[PDB]
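Shown here: model.pdb, PDB, C-alpha atoms.
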```pdb
ATOM      1  CA  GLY A   1     -19.995  11.460 -12.407
ATOM      2  CA  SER A   2     -17.945   8.774 -10.674
ATOM      3  CA  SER A   3     -17.610   7.082 -14.064
ATOM      4  CA  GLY A   4     -14.654   4.715 -14.257
ATOM      5  CA  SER A   5     -12.882   2.851 -11.463
ATOM      6  CA  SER A   6      -9.869   5.134 -11.037
ATOM      7  CA  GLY A   7      -8.227   2.904  -8.448
ATOM      8  CA  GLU A   8      -7.964   4.884  -5.219
ATOM      9  CA  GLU A   9     -11.260   3.460  -3.963
ATOM     10  CA  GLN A  10     -10.337   0.002  -5.250
ATOM     11  CA  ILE A  11      -7.210   0.095  -3.089
ATOM     12  CA  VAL A  12      -8.934   1.616  -0.059
ATOM     13  CA  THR A  13     -11.408  -1.271  -0.024
ATOM     14  CA  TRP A  14      -8.858  -3.821  -1.229
ATOM     15  CA  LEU A  15      -6.441  -3.308   1.664
ATOM     16  CA  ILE A  16      -9.220  -3.341   4.260
ATOM     17  CA  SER A  17     -10.925  -6.419   2.816
ATOM     18  CA  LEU A  18      -7.594  -8.191   3.295
ATOM     19  CA  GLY A  19      -7.145  -6.991   6.864
ATOM     20  CA  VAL A  20      -4.263  -4.524   6.711
ATOM     21  CA  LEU A  21      -6.120  -1.206   6.682
ATOM     22  CA  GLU A  22      -8.796   0.174   9.008
ATOM     23  CA  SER A  23     -12.457  -0.063   8.004
ATOM     24  CA  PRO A  24     -13.901   3.428   8.610
ATOM     25  CA  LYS A  25     -17.703   3.320   8.552
ATOM     26  CA  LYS A  26     -17.641   6.888   7.236
ATOM     27  CA  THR A  27     -17.258   7.385   3.485
ATOM     28  CA  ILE A  28     -14.066   8.967   2.154
ATOM     29  CA  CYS A  29     -14.772  11.598  -0.501
ATOM     30  CA  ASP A  30     -11.091  12.323  -1.127
ATOM     31  CA  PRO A  31      -9.378   8.903  -0.995
ATOM     32  CA  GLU A  32      -6.365  10.400  -2.770
ATOM     33  CA  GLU A  33      -5.140  12.038   0.438
ATOM     34  CA  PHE A  34      -6.417   9.376   2.837
ATOM     35  CA  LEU A  35      -4.385   6.845   0.851
ATOM     36  CA  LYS A  36      -1.129   8.763   0.417
ATOM     37  CA  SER A  37      -1.223   9.561   4.136
ATOM     38  CA  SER A  38      -2.183   5.983   5.001
ATOM     39  CA  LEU A  39       0.651   4.387   3.028
ATOM     40  CA  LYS A  40       2.938   7.257   4.029
ATOM     41  CA  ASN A  41       4.077   5.611   7.264
ATOM     42  CA  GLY A  42       4.822   2.433   5.333
ATOM     43  CA  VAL A  43       3.719  -0.006   8.024
ATOM     44  CA  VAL A  44       0.446  -0.392   6.127
ATOM     45  CA  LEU A  45       2.302  -1.580   3.027
ATOM     46  CA  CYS A  46       4.642  -3.973   4.834
ATOM     47  CA  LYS A  47       1.622  -5.736   6.329
ATOM     48  CA  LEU A  48      -0.127  -5.845   2.953
ATOM     49  CA  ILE A  49       2.487  -7.832   1.033
ATOM     50  CA  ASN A  50       3.016  -9.966   4.136
ATOM     51  CA  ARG A  51      -0.579 -11.138   3.721
ATOM     52  CA  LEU A  52      -0.388 -11.480  -0.063
ATOM     53  CA  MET A  53       2.665 -13.737   0.158
ATOM     54  CA  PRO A  54       3.968 -15.885   3.046
ATOM     55  CA  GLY A  55       7.163 -14.289   4.319
ATOM     56  CA  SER A  56       7.304 -11.018   2.398
ATOM     57  CA  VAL A  57       8.677  -8.764   5.137
ATOM     58  CA  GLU A  58      11.299  -9.927   7.635
ATOM     59  CA  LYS A  59      10.425  -7.156  10.091
ATOM     60  CA  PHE A  60       8.815  -3.723   9.780
ATOM     61  CA  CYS A  61       7.912  -0.845  12.097
ATOM     62  CA  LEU A  62       4.404  -1.196  13.522
ATOM     63  CA  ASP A  63       4.347   2.197  15.240
ATOM     64  CA  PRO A  64       7.019   4.442  13.670
ATOM     65  CA  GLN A  65       7.609   7.446  15.926
ATOM     66  CA  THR A  66      10.434   8.857  13.805
ATOM     67  CA  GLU A  67      11.090   9.250  10.079
ATOM     68  CA  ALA A  68      13.874   6.665   9.908
ATOM     69  CA  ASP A  69      11.170   4.262  11.085
ATOM     70  CA  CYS A  70       8.539   5.305   8.544
ATOM     71  CA  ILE A  71      10.961   5.085   5.621
ATOM     72  CA  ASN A  72      12.222   1.692   6.787
ATOM     73  CA  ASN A  73       8.678   0.362   6.414
ATOM     74  CA  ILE A  74       8.085   1.519   2.840
ATOM     75  CA  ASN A  75      11.435   0.180   1.635
ATOM     76  CA  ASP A  76      10.713  -3.219   3.184
ATOM     77  CA  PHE A  77       7.433  -3.542   1.284
ATOM     78  CA  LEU A  78       9.333  -2.933  -1.955
ATOM     79  CA  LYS A  79      11.627  -5.852  -1.126
ATOM     80  CA  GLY A  80       8.562  -8.049  -1.526
ATOM     81  CA  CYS A  81       7.125  -6.283  -4.564
ATOM     82  CA  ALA A  82      10.266  -7.212  -6.499
ATOM     83  CA  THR A  83       8.864 -10.747  -6.396
ATOM     84  CA  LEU A  84       5.725  -9.790  -8.320
ATOM     85  CA  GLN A  85       7.831  -7.830 -10.808
ATOM     86  CA  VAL A  86       5.492  -4.832 -10.738
ATOM     87  CA  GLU A  87       6.154  -1.110 -11.151
ATOM     88  CA  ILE A  88       7.824   0.332  -8.053
ATOM     89  CA  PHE A  89       8.292   3.792  -6.548
ATOM     90  CA  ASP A  90      10.614   5.820  -4.319
ATOM     91  CA  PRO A  91      10.251   6.151  -0.523
ATOM     92  CA  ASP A  92      10.195   9.925  -0.990
ATOM     93  CA  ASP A  93       7.323  10.042  -3.482
ATOM     94  CA  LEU A  94       5.103   8.437  -0.843
ATOM     95  CA  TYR A  95       6.618   9.721   2.400
ATOM     96  CA  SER A  96       6.964  13.310   1.187
ATOM     97  CA  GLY A  97       4.147  13.219  -1.349
ATOM     98  CA  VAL A  98       5.671  14.263  -4.666
ATOM     99  CA  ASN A  99       4.301  11.590  -7.001
ATOM    100  CA  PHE A 100       1.369   9.419  -5.926
ATOM    101  CA  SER A 101       0.256   8.439  -9.429
ATOM    102  CA  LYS A 102       3.053   5.872  -9.194
ATOM    103  CA  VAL A 103       2.364   4.662  -5.654
ATOM    104  CA  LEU A 104      -1.299   4.036  -6.466
ATOM    105  CA  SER A 105      -0.401   2.064  -9.594
ATOM    106  CA  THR A 106       2.384  -0.016  -8.053
ATOM    107  CA  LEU A 107      -0.310  -1.347  -5.721
ATOM    108  CA  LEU A 108      -2.977  -1.651  -8.417
ATOM    109  CA  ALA A 109      -0.857  -4.225 -10.244
ATOM    110  CA  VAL A 110      -0.044  -6.290  -7.153
ATOM    111  CA  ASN A 111      -3.785  -6.457  -6.494
ATOM    112  CA  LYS A 112      -4.379  -7.793 -10.005
ATOM    113  CA  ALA A 113      -1.614 -10.380  -9.650
ATOM    114  CA  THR A 114      -2.966 -11.606  -6.312
ATOM    115  CA  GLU A 115      -6.526 -12.047  -7.572
ATOM    116  CA  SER A 116      -7.142 -15.790  -7.856
ATOM    117  CA  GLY A 117      -7.818 -16.628 -11.492
ATOM    118  CA  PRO A 118      -7.806 -20.348 -12.355
ATOM    119  CA  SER A 119      -9.374 -22.475  -9.619
ATOM    120  CA  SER A 120     -10.093 -25.831 -11.259
ATOM    121  CA  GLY A 121      -7.463 -28.352 -10.209
TER     122      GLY A 121
END
```
Show the structure stored in the file as structure tokens.
Amino acid sequence: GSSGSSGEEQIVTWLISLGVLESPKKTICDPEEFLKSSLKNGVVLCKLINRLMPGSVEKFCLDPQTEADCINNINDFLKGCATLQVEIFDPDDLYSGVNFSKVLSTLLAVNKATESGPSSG
């Protein structure tokens, strides 16, 4: 079992390692839901890119109490993703939860682009 790095886990640990997501000591068996729900709000994504690149999000919602706030976050993040030129997704696929296969990927790429390759010089 557990043969092949799907991605969910990679993202769960990736975000945290950076310092945008919480680091729950407990293990998450079903990261698929924990993720979708985590990114749902959108504030988690806005902070992510912000760390990846200096000045990615002008201003996002830290504690969105209403929908209009949650959606605003997601969208923002996208504004920064356009810089990496990686697959994007709709604010409904994540907020509502219709298609996650795209949300997970969109992030997977960004993570690969960020990874520091050439160091010398």
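Using all atoms listed in the file, the residues found no farther than 12 Å from residue A:32, other than those of its own chain fewer than 5 positions away, are residues 6, 7, 8, 9, 10, 11, 12, 37, 38, 39, 40, 94, 97, 99, 100, 101, 103 and 104 of chain A.
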Exercise. Where does the PyMOL selection byres ((chain A and resi 45-50) around 10) land in this file, that is, which residues does it pick, as a ChimeraX atom specification?
Worked result: /A:14-16,18-21,38-44,51-62,72-81,107,110-111,114
Output C-alpha atoms for every residue in that selection, as a short mmCIF file (atom, residue, chain, number, x, y, z; two decimals), in the frame of the given file.
```
data_model
loop_
_atom_site.label_atom_id
_atom_site.label_comp_id
_atom_site.auth_asym_id
_atom_site.auth_seq_id
_atom_site.Cartn_x
_atom_site.Cartn_y
_atom_site.Cartn_z
CA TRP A 14 -8.86 -3.82 -1.23
CA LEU A 15 -6.44 -3.31 1.66
CA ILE A 16 -9.22 -3.34 4.26
CA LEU A 18 -7.59 -8.19 3.30
CA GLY A 19 -7.14 -6.99 6.86
CA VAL A 20 -4.26 -4.52 6.71
CA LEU A 21 -6.12 -1.21 6.68
CA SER A 38 -2.18 5.98 5.00
CA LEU A 39 0.65 4.39 3.03
CA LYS A 40 2.94 7.26 4.03
CA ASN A 41 4.08 5.61 7.26
CA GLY A 42 4.82 2.43 5.33
CA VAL A 43 3.72 -0.01 8.02
CA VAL A 44 0.45 -0.39 6.13
CA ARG A 51 -0.58 -11.14 3.72
CA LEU A 52 -0.39 -11.48 -0.06
CA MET A 53 2.66 -13.74 0.16
CA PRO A 54 3.97 -15.88 3.05
CA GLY A 55 7.16 -14.29 4.32
CA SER A 56 7.30 -11.02 2.40
CA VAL A 57 8.68 -8.76 5.14
CA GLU A 58 11.30 -9.93 7.64
CA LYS A 59 10.42 -7.16 10.09
CA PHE A 60 8.82 -3.72 9.78
CA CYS A 61 7.91 -0.84 12.10
CA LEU A 62 4.40 -1.20 13.52
CA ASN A 72 12.22 1.69 6.79
CA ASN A 73 8.68 0.36 6.41
CA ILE A 74 8.09 1.52 2.84
CA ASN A 75 11.44 0.18 1.64
CA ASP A 76 10.71 -3.22 3.18
CA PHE A 77 7.43 -3.54 1.28
CA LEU A 78 9.33 -2.93 -1.96
CA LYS A 79 11.63 -5.85 -1.13
CA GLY A 80 8.56 -8.05 -1.53
CA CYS A 81 7.12 -6.28 -4.56
CA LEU A 107 -0.31 -1.35 -5.72
CA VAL A 110 -0.04 -6.29 -7.15
CA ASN A 111 -3.78 -6.46 -6.49
CA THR A 114 -2.97 -11.61 -6.31
#
```
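For the residues A:83, A:106, A:3, A:96, ranking by smallest atom-to-atom distance to residue A:36 using all atoms listed in the file places A:96 first.
Straight-line separation from atom CA of residue A:115 to atom CA of residue A:88: 19.0 Å.
Of note, atom CA of residue A:70 and atom CA of residue A:95 are spaced 7.8 Å apart.
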Problem set entry | Between atom CA of residue A:119 and atom CA of residue A:85, distance in Å (one decimal) | 22.6 Å
